[PDB]
Amino acid sequence: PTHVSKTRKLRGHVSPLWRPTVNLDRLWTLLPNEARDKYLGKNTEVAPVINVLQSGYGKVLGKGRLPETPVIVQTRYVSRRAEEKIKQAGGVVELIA
Amino acid sequence: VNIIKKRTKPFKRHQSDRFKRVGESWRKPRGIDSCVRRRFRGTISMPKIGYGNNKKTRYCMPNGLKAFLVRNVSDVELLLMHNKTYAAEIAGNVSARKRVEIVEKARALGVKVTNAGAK
Amino acid sequence: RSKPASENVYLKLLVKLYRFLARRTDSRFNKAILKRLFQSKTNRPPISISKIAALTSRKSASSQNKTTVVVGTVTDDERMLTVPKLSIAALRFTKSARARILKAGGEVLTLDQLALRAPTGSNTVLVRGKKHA
Amino acid sequence: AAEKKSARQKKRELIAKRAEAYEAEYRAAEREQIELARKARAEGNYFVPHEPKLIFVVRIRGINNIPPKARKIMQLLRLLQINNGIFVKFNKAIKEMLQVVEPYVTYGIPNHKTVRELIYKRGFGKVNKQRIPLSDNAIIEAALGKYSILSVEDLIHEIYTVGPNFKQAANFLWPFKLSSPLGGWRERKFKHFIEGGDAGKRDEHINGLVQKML
Amino acid sequence: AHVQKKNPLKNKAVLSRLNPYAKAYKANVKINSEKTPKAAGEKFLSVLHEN
RNA sequence: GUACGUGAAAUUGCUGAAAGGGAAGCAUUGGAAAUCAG
RNA sequence: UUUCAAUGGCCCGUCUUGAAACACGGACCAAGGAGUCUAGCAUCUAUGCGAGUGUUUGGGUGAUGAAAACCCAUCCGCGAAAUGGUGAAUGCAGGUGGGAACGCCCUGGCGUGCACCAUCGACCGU
RNA sequence: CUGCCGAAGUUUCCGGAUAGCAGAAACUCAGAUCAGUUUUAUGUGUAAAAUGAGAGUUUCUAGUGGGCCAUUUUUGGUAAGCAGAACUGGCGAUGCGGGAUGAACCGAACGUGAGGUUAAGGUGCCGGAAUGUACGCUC
RNA sequence: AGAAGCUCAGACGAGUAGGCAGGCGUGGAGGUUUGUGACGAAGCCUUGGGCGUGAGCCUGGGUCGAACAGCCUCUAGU
């Protein structure tokens, strides 16, 4: 406001390829909370599917540890260490065209 | 304790005597060569915080009370508990009917009126 | 800074409460808390629930029942999945952090509740947030 | 209730004994010096009195037109104002200081009455970086109890005789704020004291000046 | 405490407070009451009244 | 009273009071005269 | 308030210079009259939320004024990953020292040790 | 409108970045370090007692980058002036007492007042204060 | 105990560039004062009084004839 301006007090003083990246530690966070309660920590024959393309991510990177629960990761691209950690956690990677 | 004022004369703006366009309301001189800002001899004095009066007697009239502006009988009632501290001063736009009502109520309450004999 | 620029009435109430506690006790904790309440938001960075979980069970761990105290926001850390039991007192909790701590863990506390529980700061861990920003 | 009254009463008697002891010491020291001088004169011998370990310095020139080298020394002497008097431990490290601020200060040997009157009238202590008047012995006791100084008489003794804790006592005393001399200075005041002025060393005439300033 | 400063020299009561010894001082003592020994060496007098 | 609501200052005339031997205004302390306040 | 007496009192602004003086401005009074609005960027502070955040392009809706308030589908902006295609806990997401704060003791000792800073260390900046 | 803090007045490198002076924010430090200072010791410089003061850093952000006058040393001097450096001062941001009057001379540095006492300079009168005291010189 | 407050003690006070803080006044807006007003609002005048260090504020009297203000916030062609 003009009233609080300090010129009110000077009166009188003479004056590429689109590819957002997601790391492994956030892969389970993308999935909703009720599915995590169902699939995470339980040895179920059916595994959850995390299509990281539908969540606005182009590539899955390898930062972080995944929990030992297997999970199917559907994506376009994946860093070489990321899918190493994925099968070490028991999951598989399905590259999406 | 009595009321003593460090000064009685008002502070006049410089050369307000000489010029009718220059009002007597104080204005601090910004002139670099202003001998009056430099505090030369014979020149008039400038407002200083050293002229501030006693805290315990500031805002107090000669009688020792503080003037309080009053518009109606409701305002006077607010001065019931401070009749030895505040003196009621009826506003200048209060009609003659409300003047006499305010004065009577303050007199009954024991509250001083500064300008009672008016209108 | 003798007073905070915040006009929040409840922040002023906390400052009043810890003004008394700082001067009527001999706790360097209470003096520290009063100073951090005066500090601006720039100097009160958020601390994550994961860093709190780390600093409790770090090195020799020995967290026991010690209550974590931070003058700031305890933001959640969604990367960590299984949340331990924690007792934190803070200015604010993000809705995620408060929900996660309560569901699987201990309790959340405000700074007035902590002053009742531990007026002298006994068995309290005073944790700051990373200012590297 | 009774414990504090008894302790303070015993403390009061203890101070009286110390003051009595100090008074006898001054009388004996003066008398023995007179006897030594008398015996020297009778034998034809010459007796040299000891050097004065104590000096009293009064700043006689103001804060205007003073060289920076001389200004710093008066800052170190706490002579930050005109007509300010302080006690200095007169030694080889001080003689050189006072010799270069000769035109700006005067100093001399203060007798017991000068020290006794100064602390009684102008005595102010530096308590928590404040100028508190020495109006009662407990003020000195709480501020100099580590050095076994309990009363004004103890403080006077520690200053007059230049005891082991003279530095602490002199630093405790806020510089005395003396008035302008009663009767005035000499006609020309900034000439050297020897040459008819009022500046520099003056030996036993610092007393005659100080009594004017009190 | 200590609203006014009272000079102990001009206040007999304040002097008693500060110095619990002024009640017994005996300022003046008569010590020159024996045969006054005129102590001045003859050689000293010659040196004094020299030239 | 149409030279029209309110009627400021500059400026001008009259009356009253006072001052004035080649400036004046101003400031400080009081007196005198006038006028107020408690 | 006016006036007298004693004492004091050089015309204000601007400009130039180390500084004045000069050099302009000023017959008098009233009214008007000069760092404003906006776009971007950056600092600091406050506020809301916080790995998120941002309703107001637009749609819904709003009977009492409906250009307000209210509600939000899909996108999008910045942030969450850097480096020059690839793309990060080796090691409690690493040890040593100082350190806020706390605890146990009989000032000091011991333990714990945030922020930050020097240190050996890693991983593709973390 | 009042109050508080308060400079630079110029190096060092290419109009500037820098430093310096002034502030703010955040740190650690009181069995600690500083200093327009003096002693002591070693050979003017170096190192360790006196006295005073709480002493440090990091970030960042304003203003300043002139001159004048004077002292001392010194370089030449020259009809005689002066000219060239350095030096720290004084002014500059600053009123007041005195010097009859005054940018640079002697004192003194400032909130509003009462009382007391002085500085520099003065005490025949203007003019506050001895037509004081003592000894000389001068027409 | 308007802790924003109350109280005790000491020191300090020129100040350009610059820095920082608190206040005064004006037009209009939201709220509020059971607010003022033709028994006289606003304005104006006055050798009337009071308050404030100051910007300014309140008031007596006169004149005048229809609107106006205090506090808390907002705003600026202040």
# chains A, B, ... in the order shown; residues from 1 in each chain; ligands from 1
>>> residues_around(residues="residue 90 (chain B)", least_positions_apart="6", cutoff="9 Å", atoms="only C-alpha atoms (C1' of nucleotides)", output="PyMOL selection string")
(chain B and resi 68-72+99+102-103+113-116) or (chain I and resi 59)
>>> residues_around(residues="residue 7 (chain E)", least_positions_apart="5", cutoff="9 Å", atoms="only C-alpha atoms (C1' of nucleotides)", output="compact mmCIF listing (two decimals) with N, CA and C atoms, in the first residue's frame")
# COMPACT_ATOMS: atom_id res chain seq x y z
N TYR D 120 35.98 8.03 50.36
CA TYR D 120 34.78 8.35 51.14
C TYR D 120 33.80 9.19 50.33
N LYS D 121 34.29 10.26 49.69
CA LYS D 121 33.41 11.19 48.98
C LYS D 121 33.17 10.78 47.53
N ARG D 122 34.23 10.52 46.78
CA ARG D 122 34.13 10.17 45.37
C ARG D 122 34.22 8.67 45.12
N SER D 135 28.48 2.87 49.39
CA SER D 135 27.69 3.38 50.50
C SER D 135 27.64 2.44 51.70
N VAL E 14 26.60 7.97 58.89
CA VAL E 14 27.07 7.16 57.77
C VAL E 14 28.52 6.75 58.00
N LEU E 15 29.32 7.62 58.61
CA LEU E 15 30.70 7.26 58.93
C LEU E 15 30.75 6.07 59.88
>>> residues_around(residues="residue 40 (chain C)", least_positions_apart="4", cutoff="10 Å", atoms="only C-alpha atoms (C1' of nucleotides)", output="list in words")
residues 1, 4, 5, 6, 36, 44 and 45 of chain C; 45 and 46 of chain G
>>> interface_residues(of="chain D", to="chain I", cutoff="9 Å", atoms="only C-alpha atoms (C1' of nucleotides)", output="CSV table (one decimal) with N, CA, C and O atoms, in the first residue's frame")
chain,number,residue,atom,x,y,z
D,129,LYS,N,29.6,-3.8,35.8
D,129,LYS,CA,29.8,-2.8,34.9
D,129,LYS,C,28.8,-1.6,35.1
D,129,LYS,O,28.2,-1.1,34.2
D,130,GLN,N,28.7,-1.2,36.4
D,130,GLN,CA,27.9,-0.1,36.8
D,130,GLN,C,28.6,0.7,37.8
D,130,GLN,O,29.4,0.2,38.6
D,131,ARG,N,28.2,2.0,37.9
D,131,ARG,CA,28.9,2.9,38.8
D,131,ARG,C,28.0,3.0,40.1
D,131,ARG,O,27.0,3.8,40.2
D,132,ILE,N,28.3,2.1,41.0
D,132,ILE,CA,27.5,2.0,42.3
D,132,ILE,C,28.3,2.7,43.4
D,132,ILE,O,29.5,2.3,43.6
>>> select_by_dssp(residues="chain C", states="helix (DSSP H, G or I)", output="tab-separated table (two decimals) with N, CA, C and O atoms, in the first residue's frame")
chain	number	residue	atom	x	y	z
C	9	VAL	N	-1.43	-15.72	17.21
C	9	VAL	CA	-1.71	-15.57	18.63
C	9	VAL	C	-1.19	-16.78	19.40
C	9	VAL	O	-0.74	-16.65	20.55
C	10	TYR	N	-1.25	-17.96	18.79
C	10	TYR	CA	-0.81	-19.17	19.48
C	10	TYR	C	0.70	-19.27	19.53
C	10	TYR	O	1.24	-19.87	20.47
C	11	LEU	N	1.40	-18.73	18.54
C	11	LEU	CA	2.86	-18.63	18.64
C	11	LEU	C	3.25	-17.63	19.72
C	11	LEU	O	4.25	-17.82	20.42
C	12	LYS	N	2.49	-16.54	19.85
C	12	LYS	CA	2.74	-15.60	20.94
C	12	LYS	C	2.47	-16.25	22.29
C	12	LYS	O	3.17	-15.96	23.27
C	13	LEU	N	1.46	-17.11	22.36
C	13	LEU	CA	1.17	-17.82	23.61
C	13	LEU	C	2.31	-18.77	23.98
C	13	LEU	O	2.68	-18.86	25.16
C	14	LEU	N	2.86	-19.48	23.00
C	14	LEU	CA	4.02	-20.33	23.27
C	14	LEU	C	5.21	-19.51	23.74
C	14	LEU	O	5.92	-19.91	24.67
C	15	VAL	N	5.44	-18.36	23.11
C	15	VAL	CA	6.55	-17.50	23.51
C	15	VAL	C	6.35	-17.02	24.94
C	15	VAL	O	7.31	-16.97	25.73
C	16	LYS	N	5.12	-16.69	25.31
C	16	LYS	CA	4.84	-16.27	26.68
C	16	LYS	C	5.10	-17.41	27.66
C	16	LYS	O	5.68	-17.20	28.74
C	17	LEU	N	4.68	-18.63	27.31
C	17	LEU	CA	4.87	-19.77	28.20
C	17	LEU	C	6.34	-20.07	28.41
C	17	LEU	O	6.78	-20.36	29.53
C	18	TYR	N	7.14	-20.01	27.34
C	18	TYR	CA	8.55	-20.32	27.46
C	18	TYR	C	9.38	-19.13	27.90
C	18	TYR	O	10.55	-19.31	28.27
C	19	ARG	N	8.83	-17.91	27.86
C	19	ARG	CA	9.47	-16.79	28.54
C	19	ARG	C	9.52	-17.03	30.04
C	19	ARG	O	10.54	-16.78	30.69
C	20	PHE	N	8.41	-17.51	30.61
C	20	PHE	CA	8.38	-17.83	32.03
C	20	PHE	C	9.29	-19.00	32.35
C	20	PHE	O	10.06	-18.96	33.32
C	21	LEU	N	9.22	-20.07	31.55
C	21	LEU	CA	10.00	-21.27	31.83
C	21	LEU	C	11.49	-21.00	31.71
C	21	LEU	O	12.29	-21.56	32.48
C	22	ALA	N	11.89	-20.17	30.75
C	22	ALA	CA	13.31	-19.86	30.58
C	22	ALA	C	13.86	-19.09	31.78
C	22	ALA	O	14.99	-19.34	32.22
C	23	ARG	N	13.08	-18.15	32.32
C	23	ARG	CA	13.59	-17.28	33.37
C	23	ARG	C	13.34	-17.81	34.77
C	23	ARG	O	14.08	-17.46	35.69
C	24	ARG	N	12.32	-18.65	34.97
C	24	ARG	CA	12.01	-19.18	36.29
C	24	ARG	C	12.56	-20.57	36.52
C	24	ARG	O	12.27	-21.17	37.57
C	28	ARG	N	18.95	-25.08	30.32
C	28	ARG	CA	19.47	-24.60	29.04
C	28	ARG	C	18.60	-25.08	27.88
C	28	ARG	O	18.64	-24.50	26.79
C	29	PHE	N	17.83	-26.15	28.10
C	29	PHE	CA	16.86	-26.59	27.10
C	29	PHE	C	15.77	-25.55	26.88
C	29	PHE	O	15.46	-25.19	25.74
C	30	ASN	N	15.19	-25.05	27.98
C	30	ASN	CA	14.10	-24.08	27.86
C	30	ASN	C	14.59	-22.77	27.26
C	30	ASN	O	13.86	-22.12	26.50
C	31	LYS	N	15.82	-22.37	27.58
C	31	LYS	CA	16.40	-21.19	26.95
C	31	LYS	C	16.61	-21.42	25.46
C	31	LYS	O	16.41	-20.50	24.65
C	32	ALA	N	17.03	-22.63	25.08
C	32	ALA	CA	17.18	-22.95	23.66
C	32	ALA	C	15.84	-22.93	22.95
C	32	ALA	O	15.73	-22.41	21.83
C	33	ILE	N	14.80	-23.49	23.57
C	33	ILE	CA	13.49	-23.54	22.93
C	33	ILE	C	12.95	-22.13	22.71
C	33	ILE	O	12.39	-21.83	21.65
C	34	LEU	N	13.13	-21.25	23.69
C	34	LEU	CA	12.64	-19.88	23.55
C	34	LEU	C	13.33	-19.16	22.39
C	34	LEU	O	12.68	-18.44	21.63
C	35	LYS	N	14.64	-19.34	22.26
C	35	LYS	CA	15.37	-18.71	21.16
C	35	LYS	C	14.88	-19.22	19.81
C	35	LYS	O	14.70	-18.43	18.87
C	36	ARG	N	14.67	-20.53	19.69
C	36	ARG	CA	14.26	-21.09	18.41
C	36	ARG	C	12.84	-20.68	18.04
C	36	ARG	O	12.50	-20.62	16.86
C	37	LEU	N	11.99	-20.40	19.04
C	37	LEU	CA	10.66	-19.89	18.75
C	37	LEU	C	10.73	-18.50	18.13
C	37	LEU	O	9.90	-18.14	17.28
C	38	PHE	N	11.72	-17.70	18.54
C	38	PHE	CA	11.89	-16.37	17.97
C	38	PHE	C	12.41	-16.42	16.54
C	38	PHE	O	12.17	-15.49	15.77
C	41	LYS	N	11.14	-18.28	9.85
C	41	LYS	CA	10.88	-19.55	9.18
C	41	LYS	C	12.10	-20.01	8.38
C	41	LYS	O	12.31	-21.22	8.21
C	42	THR	N	12.91	-19.07	7.89
C	42	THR	CA	14.12	-19.43	7.16
C	42	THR	C	15.08	-20.20	8.06
C	42	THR	O	15.74	-21.15	7.61
C	43	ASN	N	15.16	-19.83	9.33
C	43	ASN	CA	16.08	-20.44	10.28
C	43	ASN	C	15.44	-21.60	11.05
C	43	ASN	O	16.04	-22.08	12.02
C	49	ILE	N	10.41	-37.18	9.05
C	49	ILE	CA	10.11	-38.27	9.97
C	49	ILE	C	11.19	-39.34	9.90
C	49	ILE	O	11.48	-40.04	10.88
C	50	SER	N	11.82	-39.48	8.73
C	50	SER	CA	12.88	-40.47	8.56
C	50	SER	C	14.15	-40.06	9.30
C	50	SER	O	14.81	-40.90	9.92
C	51	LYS	N	14.51	-38.78	9.22
C	51	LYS	CA	15.68	-38.30	9.96
C	51	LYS	C	15.45	-38.42	11.46
C	51	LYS	O	16.37	-38.73	12.22
C	52	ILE	N	14.21	-38.17	11.90
C	52	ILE	CA	13.86	-38.37	13.30
C	52	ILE	C	13.99	-39.84	13.66
C	52	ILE	O	14.56	-40.20	14.70
C	53	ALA	N	13.47	-40.73	12.81
C	53	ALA	CA	13.62	-42.16	13.04
C	53	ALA	C	15.08	-42.58	13.00
C	53	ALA	O	15.49	-43.50	13.72
C	54	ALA	N	15.88	-41.93	12.15
C	54	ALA	CA	17.30	-42.24	12.08
C	54	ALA	C	18.01	-41.80	13.36
C	54	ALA	O	18.69	-42.61	14.01
C	55	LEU	N	17.86	-40.53	13.73
C	55	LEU	CA	18.61	-39.98	14.86
C	55	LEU	C	18.23	-40.62	16.19
C	55	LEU	O	19.02	-40.53	17.14
C	56	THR	N	17.07	-41.25	16.28
C	56	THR	CA	16.72	-41.98	17.50
C	56	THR	C	17.48	-43.30	17.57
C	56	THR	O	18.18	-43.57	18.55
C	95	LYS	N	-0.03	-33.50	7.63
C	95	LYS	CA	-1.13	-34.44	7.79
C	95	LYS	C	-0.66	-35.88	7.56
C	95	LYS	O	-1.16	-36.80	8.22
C	96	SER	N	0.28	-36.08	6.64
C	96	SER	CA	0.82	-37.42	6.42
C	96	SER	C	1.62	-37.89	7.63
C	96	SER	O	1.45	-39.02	8.10
C	97	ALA	N	2.52	-37.04	8.13
C	97	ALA	CA	3.38	-37.44	9.24
C	97	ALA	C	2.58	-37.74	10.49
C	97	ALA	O	2.83	-38.74	11.18
C	98	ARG	N	1.60	-36.89	10.81
C	98	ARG	CA	0.76	-37.12	11.98
C	98	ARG	C	-0.04	-38.41	11.84
C	98	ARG	O	-0.17	-39.18	12.80
C	99	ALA	N	-0.58	-38.66	10.64
C	99	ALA	CA	-1.35	-39.88	10.43
C	99	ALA	C	-0.46	-41.12	10.50
C	99	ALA	O	-0.85	-42.14	11.07
C	100	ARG	N	0.74	-41.05	9.91
C	100	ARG	CA	1.61	-42.22	9.89
C	100	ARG	C	2.14	-42.55	11.28
C	100	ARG	O	2.18	-43.72	11.67
C	101	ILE	N	2.54	-41.53	12.04
C	101	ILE	CA	3.07	-41.76	13.38
C	101	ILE	C	2.00	-42.37	14.28
C	101	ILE	O	2.25	-43.33	15.02
C	102	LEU	N	0.79	-41.82	14.22
C	102	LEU	CA	-0.29	-42.31	15.07
C	102	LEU	C	-0.68	-43.75	14.72
C	102	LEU	O	-0.91	-44.57	15.61
C	103	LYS	N	-0.75	-44.06	13.42
C	103	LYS	CA	-1.26	-45.37	13.01
C	103	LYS	C	-0.33	-46.49	13.43
C	103	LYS	O	-0.77	-47.47	14.06
C	111	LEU	N	4.15	-28.22	21.60
C	111	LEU	CA	5.18	-27.70	22.48
C	111	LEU	C	4.64	-27.37	23.87
C	111	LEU	O	5.40	-27.35	24.84
C	112	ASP	N	3.34	-27.10	23.99
C	112	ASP	CA	2.75	-26.90	25.31
C	112	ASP	C	2.59	-28.22	26.05
C	112	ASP	O	2.79	-28.29	27.27
C	113	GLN	N	2.22	-29.29	25.33
C	113	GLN	CA	2.11	-30.60	25.95
C	113	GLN	C	3.47	-31.08	26.45
C	113	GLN	O	3.56	-31.68	27.53
C	114	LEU	N	4.53	-30.85	25.67
C	114	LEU	CA	5.87	-31.22	26.11
C	114	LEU	C	6.27	-30.44	27.36
C	114	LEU	O	6.87	-31.01	28.28
C	115	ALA	N	5.95	-29.15	27.41
C	115	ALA	CA	6.30	-28.35	28.58
C	115	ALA	C	5.61	-28.86	29.84
C	115	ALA	O	6.13	-28.71	30.94
C	116	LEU	N	4.43	-29.47	29.69
C	116	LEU	CA	3.79	-30.12	30.84
C	116	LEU	C	4.48	-31.43	31.17
C	116	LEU	O	4.72	-31.73	32.35
C	117	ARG	N	4.80	-32.23	30.15
C	117	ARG	CA	5.37	-33.55	30.39
C	117	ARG	C	6.81	-33.45	30.89
C	117	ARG	O	7.18	-34.12	31.86
>>> residues_around(residues="region 89-103 of chain G", least_positions_apart="2", cutoff="10 Å", atoms="only C-alpha atoms (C1' of nucleotides)", output="PyMOL selection string")
(chain A and resi 63-65) or (chain C and resi 27-30+32+54+57-61+66+120-128) or (chain G and resi 111-123+126) or (chain H and resi 28)
>>> residues_around(residues="residue 24 (chain B)", least_positions_apart="4", cutoff="7 Å", atoms="only C-alpha atoms (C1' of nucleotides)", output="PyMOL selection string")
chain B and resi 12-13+16
>>> closest_atom_pairs(of="chain A", to="chain H", cutoff="12 Å", atoms="only C-alpha atoms (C1' of nucleotides)", output="JSON lines")
{"residue": "A:9", "atom": "CA", "partner": "H:1", "partner_atom": "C1'", "distance": 10.3}
{"residue": "A:11", "atom": "CA", "partner": "H:1", "partner_atom": "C1'", "distance": 11.1}
{"residue": "A:12", "atom": "CA", "partner": "H:1", "partner_atom": "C1'", "distance": 10.4}
>>> residues_around(residues="residue 38 (chain F)", least_positions_apart="6", cutoff="12 Å", atoms="only C-alpha atoms (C1' of nucleotides)", output="number ranges by chain")
B: 61-64, 114; I: 49
>>> closest_residue(among="H:47, H:69, H:1, H:109", to="chain B", atoms="only C-alpha atoms (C1' of nucleotides)")
H:1
>>> closest_atom_pairs(of="chain D", to="chain H", cutoff="12 Å", atoms="only C-alpha atoms (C1' of nucleotides)", output="tab-separated table")
residue	atom	partner	partner_atom	distance
D:60	CA	H:119	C1'	9.7
D:61	CA	H:119	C1'	9.2
D:62	CA	H:108	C1'	7.5
D:63	CA	H:109	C1'	7.4
D:64	CA	H:109	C1'	6.7
D:65	CA	H:90	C1'	8.0
D:66	CA	H:89	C1'	8.9
D:67	CA	H:89	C1'	7.3
D:68	CA	H:36	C1'	6.1
D:69	CA	H:36	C1'	6.1
D:70	CA	H:37	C1'	8.2
D:71	CA	H:36	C1'	8.8
D:72	CA	H:37	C1'	6.0
D:73	CA	H:37	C1'	5.2
D:74	CA	H:37	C1'	8.9
D:75	CA	H:52	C1'	6.9
D:76	CA	H:52	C1'	4.2
D:77	CA	H:52	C1'	6.8
D:78	CA	H:52	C1'	7.3
D:79	CA	H:52	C1'	10.7
D:80	CA	H:52	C1'	11.7
D:81	CA	H:109	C1'	11.4
D:82	CA	H:119	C1'	10.6
D:83	CA	H:118	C1'	10.5
D:87	CA	H:51	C1'	11.7
D:88	CA	H:51	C1'	9.1
D:89	CA	H:50	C1'	9.2
D:90	CA	H:50	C1'	10.3
D:91	CA	H:50	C1'	8.7
D:92	CA	H:39	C1'	6.8
D:93	CA	H:39	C1'	4.5
D:94	CA	H:38	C1'	7.0
D:95	CA	H:38	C1'	8.7
D:96	CA	H:38	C1'	6.2
D:97	CA	H:38	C1'	5.5
D:98	CA	H:38	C1'	9.3
D:99	CA	H:38	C1'	10.2
D:100	CA	H:38	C1'	9.6
D:101	CA	H:37	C1'	10.9
D:129	CA	H:54	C1'	11.7
D:167	CA	H:51	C1'	9.3
D:168	CA	H:51	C1'	11.8
D:170	CA	H:51	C1'	11.0
D:171	CA	H:52	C1'	9.4
D:178	CA	H:117	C1'	10.7
D:179	CA	H:117	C1'	7.0
D:180	CA	H:117	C1'	5.2
D:181	CA	H:117	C1'	6.5
D:182	CA	H:117	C1'	6.0
D:183	CA	H:117	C1'	8.0
D:184	CA	H:118	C1'	5.8
D:185	CA	H:118	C1'	7.8
D:186	CA	H:119	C1'	10.7
D:187	CA	H:119	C1'	10.3
D:188	CA	H:120	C1'	9.2
D:189	CA	H:119	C1'	8.4
D:190	CA	H:119	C1'	9.9
D:212	CA	H:117	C1'	9.9
D:213	CA	H:117	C1'	9.0
D:214	CA	H:117	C1'	10.8
